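Next up: a single chain in structure tokens, the form deposited without its partner chain.
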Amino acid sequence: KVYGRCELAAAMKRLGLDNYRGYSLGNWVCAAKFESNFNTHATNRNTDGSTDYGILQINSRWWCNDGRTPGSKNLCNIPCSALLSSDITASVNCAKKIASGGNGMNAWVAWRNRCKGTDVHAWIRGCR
């Protein structure tokens, strides 16, 4: 499914991402925008042989197991396929785990590059 900006913001808010680990909601919406363009089915093969999955592009070498990545740590303890549904719950739960790390949102390259230090409130401006 391809979410609309406000719809994703509402969903993220219900799942408790607003101010999670000190990051206001707009950060998570921004991240989703640049990581997958709000597409729950986005998949991106990495050079190192890993693949990023879903709305928050979670990596098969460290976070979920896809059954084809040499040395998967599967720290979220979930199959990567669970990250491809229209329901963003599994992706949010794993993202919570990743951002609980000392580096927070820095784990997402797109966030680091396009969202960090910007007016993240613009991502939820005009929403319900």
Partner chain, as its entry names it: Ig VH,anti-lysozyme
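Numbering follows the first chain given and starts at 1.
What comes next is about the form solved in complex with its partner chain, which is not displayed.
The closest non-hydrogen atom of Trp62 lies within 4.5 Å of its partner chain in the deposited complex. Contact annotation: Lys97 falls within 4.5 Å of its partner chain in the deposited complex, judged by heavy atom distances. Taking the partner from the other structure, its partner chain in the deposited complex has a heavy atom within 4.5 Å of a heavy atom of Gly101.
Within this chain, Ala82 is remote from the site of its partner chain in the deposited complex, having no heavy atom within 4.5 Å. The candidate spot formed by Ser86, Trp123 and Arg125 lies out of contact with its partner chain in the deposited complex, as no residue has a heavy atom within 4.5 Å of it. In the deposited complex, its partner chain lies within 4.5 angstroms of at least one heavy atom of each of the following residues of 19-33: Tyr20, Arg21, in sequence order.
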